[PDB]
Structures are given as structure tokens and as C-alpha cells.
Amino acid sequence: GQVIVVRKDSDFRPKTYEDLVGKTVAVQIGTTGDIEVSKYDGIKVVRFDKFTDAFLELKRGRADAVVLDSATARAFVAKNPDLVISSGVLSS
């Protein structure tokens, strides 16, 4: 389902929703990722029209993570080696 993407050039390696509490997390608005992260008190959720804009926030350092669907996240990270998928499939 969902995975957590973070910067490769970081020691931050979240594996669960709880690991995102306190962090700025970019999501594509209205996706499962948005809906799920929004359930956890203390995640600072930043919503974007396009997932690519969520990823841009992460690449620039203005967000700490992105939560998105596995296949879409994989196809993007494939071409963005400054990013890494730090989780397996999240248990939602």
C-alpha cells in the first residue's frame, strides 16, 4: 500500500507512522497517503495537488518525508537517487 520516502543523504529512516510524529510530511492531497498520515496526532501534514511537488519539497529539505503508494513512489525514486524508500509497506 503506502511507503515512506525520505532523503538518502540523511540518517532519518522511519519505518512506521509513529516515526513521522514531529516531522513535516508531504502528501498528494486526497490519496490514501494523505488520509492515513492525517490520522496520527502530531504529524505535520503538507498537502500538494501533485505528488511530484510533494517530492520536490522533500528533495529541497522543506519536508522530512513523503508518504505515497508503493508503485508510484518506486517509479519516482528510481530516477531520484537523492531519495530512498525507508519503509517496507506500512501497516495502515
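A residue's number is simply how far along the shown sequence it sits, counting from 1.
Among the modelled residues of its chain, residue 29 has a C-alpha B-factor that falls in the middle third, as given in the PDB entry. In the deposited entry, the Cα temperature factor of residue 69 sits in the bottom third of values across the chain's modelled residues. Residue 12: CA B factor in the highest third of modelled residues in this chain (values from the PDB entry).
Split the chain's modelled residues into thirds by C-alpha temperature factor. Residue 63 is in the lowest one.
For residue 90, the recorded CA B-factor ranks within the highest third of the chain. Only modelled residues enter the ranking.
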